[PDB]
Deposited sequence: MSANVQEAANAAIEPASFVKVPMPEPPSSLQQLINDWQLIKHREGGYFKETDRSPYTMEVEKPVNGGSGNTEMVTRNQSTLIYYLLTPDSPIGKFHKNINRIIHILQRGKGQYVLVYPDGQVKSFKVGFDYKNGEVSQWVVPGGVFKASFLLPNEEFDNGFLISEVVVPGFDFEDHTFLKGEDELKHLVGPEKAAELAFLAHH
């Protein structure tokens, strides 16, 4: 279900520190800051490999799994895309995703366990589609947003592409839309 893009106060202006409960989670699990924002850790990378044809044959692990957490101090996952589709599974909290297709269409939906209100707890972002995400205030998980992501073939930086500023965003969605989504781009 479509969702209005109405970033909360701490999303537009990140807080210097996250609630102690989330900091503890970060420390105990040894999560590290992701280049696109948020905290993460690869917890699984298949022992099995596969060969795939890539536009310029390469080898990749069959799959990779990560924990990905957004917090009040790092509430945004900046726009980026992967050649491969990515499976997302909600575990704790609430968040919102914004997708920008190559043709320019923008889609946004909310993630949470209240499906009766349009929220989803499983979602796949097709390869080639730019995605960004931001934290939604929620009391159930101390204003945090924890999910698991699985990519097949397994993650490789060579298949990753981050969006470059509002300039590149402008080419895709136009000036007005680019301005509205600027807070989600590098």
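Unmodelled regions of the deposited sequence, numbered from residue 1: 1-8, 65-72, 203.
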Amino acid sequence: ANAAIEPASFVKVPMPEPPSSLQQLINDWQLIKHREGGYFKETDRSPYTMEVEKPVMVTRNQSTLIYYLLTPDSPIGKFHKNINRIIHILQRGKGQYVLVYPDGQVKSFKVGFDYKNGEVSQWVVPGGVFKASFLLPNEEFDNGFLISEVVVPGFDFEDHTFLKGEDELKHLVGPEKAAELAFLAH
From here on, numbers count along this sequence of modelled residues.
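If you average the C-alpha B-factors over 47-55 and over 61-69, the higher value belongs to 47-55. Just going by the entry, 32-40 versus 145-153 on mean CA temperature factor gives the higher value to 32-40.
The entry assigns its greatest Cα B factor, within the set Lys116, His88, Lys107, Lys110, to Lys116. When the modelled residues of the chain are ordered by their C-alpha B factor, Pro75 lands in the middle third.
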